[PDB]
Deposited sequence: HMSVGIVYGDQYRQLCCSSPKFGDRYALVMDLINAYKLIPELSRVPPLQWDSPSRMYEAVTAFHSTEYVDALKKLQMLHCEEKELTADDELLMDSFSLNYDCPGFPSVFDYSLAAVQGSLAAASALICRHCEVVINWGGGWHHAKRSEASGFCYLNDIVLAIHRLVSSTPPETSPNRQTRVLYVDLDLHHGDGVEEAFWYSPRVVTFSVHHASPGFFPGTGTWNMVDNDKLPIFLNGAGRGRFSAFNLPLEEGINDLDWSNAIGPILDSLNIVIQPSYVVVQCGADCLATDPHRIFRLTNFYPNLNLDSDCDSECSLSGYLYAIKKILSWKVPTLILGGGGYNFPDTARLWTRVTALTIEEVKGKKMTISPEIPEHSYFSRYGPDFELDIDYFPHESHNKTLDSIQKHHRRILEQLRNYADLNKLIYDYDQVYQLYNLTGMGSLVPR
């Protein structure tokens, strides 16, 4: 089946942060309003038998001292008194500040995404679902002992760790967010069994700064050549982004033959995101949403797949996109046509979709603002060949080369 992570408490926690407000509720209620929930298997977020078991799961990636500090940060924000200077310094040492501040549910909020993505991984491993969706996860920036980019715990790294440790198992990670998936790339820098691929904007001063010329670094030790990046200029439209990523995705699948795919589907590439860097849409025809193009291509491989959320700061338009991703996933997995009215159906959050209440985002596409892509394709092809040689994988050089 196709699974999707949700639950009443999960919803409450995913809506408890100051940065993302009620975004997750709009997403799930739009999916519900389009009558997709009966098509999907509800995957309950993972809960544990003890604090010790919870700590063991989270510290599979994060340090105990970071988890301790994150939990203390929540406690401190549930009291009225200011932090002590010593406690401010402690939080600063884990970057729990400015961009990743405390709030009264910061630990339960961050943990909830881990709970959802670990449960989603398990549903794939046991074969209950062929694809699982978690629109409350996808927090790709968090590091072993560091919060970053509004991300406190890296549910993606933990989910991937659970997948690769199941039964050689290789995972392909595809990061469609506007920003470079640095936390996941770093976690698996030395691992050839998790190949990471991020497409993103990069430019001077733009967060987080990595995923671009440094030459291109691409892994180390036995993980050399296993970290792939495609930085793209601002203004790119659906078609040019699709043509940029398409052959790379196909060639990665052919060469790596992954046991699982994990996709991060951050919605901040939309033309209507307040970032306004890329000009992608959620259109499903004559522009085809780059997101929908990529997901359809990944799902055509018939590999068990985890689809995660991420960025997306225009909440109604993030719901508009992820509702279409969810419908496409049902259609591709079950072979069952999903017809979606171009008109937003009545439901709790209908007023948020004004003034015109249509499923398409309110945007009029045109040509990209910007040869460079061809150089990147040559570089990535060479890196893939290097990866395959280092890891003794066999592959038709010219079937792969002809994809470009």
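Judged by missing C-alpha atoms, the gaps in the deposited chain sequence fall at residues 1 to 2, 170 to 177, 225 to 232, 304 to 314, 400 to 402, 437 to 447, listed in sequence order.
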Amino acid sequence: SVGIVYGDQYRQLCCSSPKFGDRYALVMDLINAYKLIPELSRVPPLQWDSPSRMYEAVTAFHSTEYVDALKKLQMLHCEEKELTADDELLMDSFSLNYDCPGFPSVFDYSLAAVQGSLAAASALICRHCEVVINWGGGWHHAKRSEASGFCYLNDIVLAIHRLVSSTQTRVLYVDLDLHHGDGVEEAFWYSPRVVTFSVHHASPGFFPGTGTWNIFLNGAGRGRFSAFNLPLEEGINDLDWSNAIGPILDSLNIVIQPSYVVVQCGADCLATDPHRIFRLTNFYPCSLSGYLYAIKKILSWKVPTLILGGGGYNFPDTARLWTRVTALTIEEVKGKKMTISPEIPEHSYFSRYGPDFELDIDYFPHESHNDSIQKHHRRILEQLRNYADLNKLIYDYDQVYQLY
From here on, numbers count along this sequence of modelled residues.
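Of the other structures of this protein that model both sides of residue 367, a third or more give it no coordinates. Modelling of residue 227 is complete across the other compared entries in which both of its neighbours are modelled; not even a third of them leave it out. For the pair 178 to 186 and 250 to 258, the mean B factor over Cα atoms is greater in 250 to 258. Once the C-alpha B-factors are averaged per stretch, 188 to 196 and 328 to 336 rank with 328 to 336 first. Ranking 56, 367, 68, 49 by Cα temperature factor from the entry places 367 first. The deposited CA B-factor of residue 2 belongs to the middle third of values across its chain. Ranked by C-alpha B-factor against the other modelled residues of its chain, residue 86 falls in the middle third. Ranked against the other modelled residues of its chain, the C-alpha B-factor of residue 264 as given in the entry falls in the lowest third. Among the modelled residues of its chain, residue 20 has a C-alpha B-factor that falls in the middle third, as given in the PDB entry. Looking at the C-alpha B-factors along this chain, the one for residue 300 belongs to the highest third.
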